[PDB]
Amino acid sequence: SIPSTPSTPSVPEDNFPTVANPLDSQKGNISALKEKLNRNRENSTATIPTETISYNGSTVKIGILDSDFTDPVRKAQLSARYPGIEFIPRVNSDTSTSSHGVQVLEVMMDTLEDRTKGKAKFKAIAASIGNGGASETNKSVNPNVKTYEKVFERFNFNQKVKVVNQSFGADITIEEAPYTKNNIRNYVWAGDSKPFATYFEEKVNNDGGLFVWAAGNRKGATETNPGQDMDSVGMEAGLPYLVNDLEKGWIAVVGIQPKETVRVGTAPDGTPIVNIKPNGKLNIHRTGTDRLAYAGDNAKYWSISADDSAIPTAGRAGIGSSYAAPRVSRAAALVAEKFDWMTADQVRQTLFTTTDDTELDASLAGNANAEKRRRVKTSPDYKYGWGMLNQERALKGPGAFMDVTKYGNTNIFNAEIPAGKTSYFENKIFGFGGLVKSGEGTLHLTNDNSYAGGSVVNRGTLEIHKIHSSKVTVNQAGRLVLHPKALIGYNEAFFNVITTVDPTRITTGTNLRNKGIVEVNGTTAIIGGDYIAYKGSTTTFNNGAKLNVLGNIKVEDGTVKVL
C-alpha cells in the first residue's frame, strides 16, 4: 500500500495547439452562425432509431408472497391462465381462504377483464403466507424468511434483478414503529432463526433483490370502521428508514386513482362500486375516509404511486395499495428484463424518473397529451412519492440522471452494458447528475437531454442522436458516435426538459474531449464549445462527414489523427 499525490490543478489543454476551424470566418456573428447551423441540423433527414422489440416478461420470473395459492382448483385455473407459474408449498401449518393473493396476482400479470390470460408473460413464483383460516374475509398473513428462501431458489442465477411483490404490511407507520436503528436487526419472524432485516440486507446487497411493498391503506380500519388517515408508509414498506442499505432495493407503493371517482354503491361482498367523477382530476388520492396512505417525509424517496384498483368483475373492484404494488412490481420486472444489465437500484431510478405528474386537470387526458402529463421535478413529495407510475415511459429507460435517494447518492448513472448488448434510452433525460458508460456494449441516447453532469465514455459505445446539453468526455477505451442531429452544448436548466429548440441557447463553452474514438455522421452535428483530441485518439468522418465546432479545435500534439 503506497499513497498517491493529488494532481496539481493545471489544465494542460490550455497549451494544446489549435487546428484551423472552417467556421472561423462566420464567428463575427455568433448568433447567426448558431441559427444557420441549427437550421441545417433540424432540416437533416437522418432517422432516429427506436427499440421496437419487447419480450413482455417471458424471459424472467417474479415473486409474490400473499394470502393463498394452494387451493387445487385455483392452482389449475392459475396454471392455465398464466403459463409457467410456480407455486411454493407452505413452509408451516398456516391456512387461508382469502382470495387477496389471487386478486393481487391478477393485477401483477396484467390480466384481461375476461380472465382469459395476462398481457405480462413473466413466470410468477407464488408463495402462501396467509393464516386467516376458514374465514375468507380474514386477510391476515405470517411472513417468514423460510418462505422467502424458497421463493429465491426458483430465480435463475443469471437473472440480475429479482423482483418480489408484497401487498401486505403492518398497521403502523415506519416512524411510529417501536424499533430503532440499533435494535431493528434483533427481530425474527415466528419460526425463523435469521432476523428479517438481516435477511433483506443480504438479498438486496448480494442477490439483486428488489422488494416492492404496498405503502398502506388506513390506520386501525375494521370491517365496520374506516379507521384514521395514515400519513406515512407502513413499517415494512418504510424499513430503509431503520436499515439504510435496504433503500437501493426497496420501493413503497402509494395507491391513487388514474381518474378521480365518486362512491356510488357497495356490492353484496363489501366491494366498492364507484363512478368516474365528471371532469375529475387525474392521478389523485381519494377523499375523506377513503384516502390511502401518504409516503410521508422520509419514505417519499423510495415511494411511487400507482392505480389502486383490482381488476374489475361485473363492475365491482377492490380498492387498495395492495393493487398499486403489483403494477410497480410488474413495471420493475419488465424494465429489468429489457435493460438486463441494470442493477435493482437503476431499475428503481428508471421507474422514479419516468412518472406522470399528479392532481392534473381533466383536460390533460388522452394519448395526444401523454408527454404533457410527465412529471418533471427533482424531488419526490410526501403524498405521491416520485409521482404516478408510467410503465410505458419507464420501458424507454431512465428519465433523469440525479440523486433520487434519502440515504445514498445516485447522481451518476453507471451504465455497464456487456458485449453484444445494445440499449436505447429514448426519453428526455433531465437532472443535475450525469452518465458514465462502461462495459463493451452500446448505449444510444435518442432524445433531447438536459442533464447537467455530463457524459463519460469509459468503454464500449455511446451514440448521441439529438441534444446533449452538458459536456462529453471519451476516454481511451471508449467510443462516441455522433449522428447528424447531435448537438453537444445547450443551455437548458437541469430541472427542465427541452420542449423547444432555441438556437440562442447553443453554448460556446461546452467541450467534447476525445481520448478514444469519435465517429461522425452527416455534416450537421454541432459542438457548442471546443473539440479537444488527445494523444492516441481517433476521429473518423464517415462518407464525407463534417463536425461543426463553435469553439476551438485542439490537439494534444502532431501525432493525433483527427481531420
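Just count from 1 along the sequence shown to find any residue number.
**Student:** Taking the mean of the C-alpha B-factors per stretch from the entry, tell me the winner out of 384-392 and 121-129.
**Tutor:** According to the PDB entry, the answer is 121-129.
**Student:** Look up the CA B-factors in the entry and say which stretch, 291-299 or 183-191, has the higher mean.
**Tutor:** The deposited B-factors put 183-191 ahead on the C-alpha mean.
**Student:** When the CA B-factors of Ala267, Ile417, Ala310, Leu105 are compared as recorded in the entry, which is the largest?
**Tutor:** Comparing C-alpha B-factors across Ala267, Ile417, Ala310, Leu105, the maximum falls on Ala267.
**Student:** Quiz for you: based on the deposited Cα B-factor, which of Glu260, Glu463, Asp340, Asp403 is highest?
**Tutor:** In this record, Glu260 carries the highest C-alpha B-factor of the candidates.
**Student:** Of the three thirds of its chain by CA temperature factor, lowest, middle or highest, which one includes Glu201?
**Tutor:** Tercile = middle for this residue's CA B-factor.
**Student:** Sorting the chain's CA B-factors, does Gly63 end up in the lowest, middle or highest third?
**Tutor:** For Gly63, whose C-alpha B-factor we compare with every modelled residue in the chain, the answer is the lowest third.
**Student:** Once the chain's modelled residues are ordered by C-alpha B factor and cut into thirds, is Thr111 in the lowest, middle or highest one?
**Tutor:** It falls in the middle third of the chain.
**Student:** Would you mind ranking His444 by its C-alpha B-factor against the rest of the chain and naming the third, lowest, middle or highest?
**Tutor:** Its C-alpha B-factor belongs to the lowest third of this chain's values.
**Student:** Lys485's Cα B-factor: lowest, middle or highest third of the chain?
**Tutor:** CA B-factor rank for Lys485: middle third.
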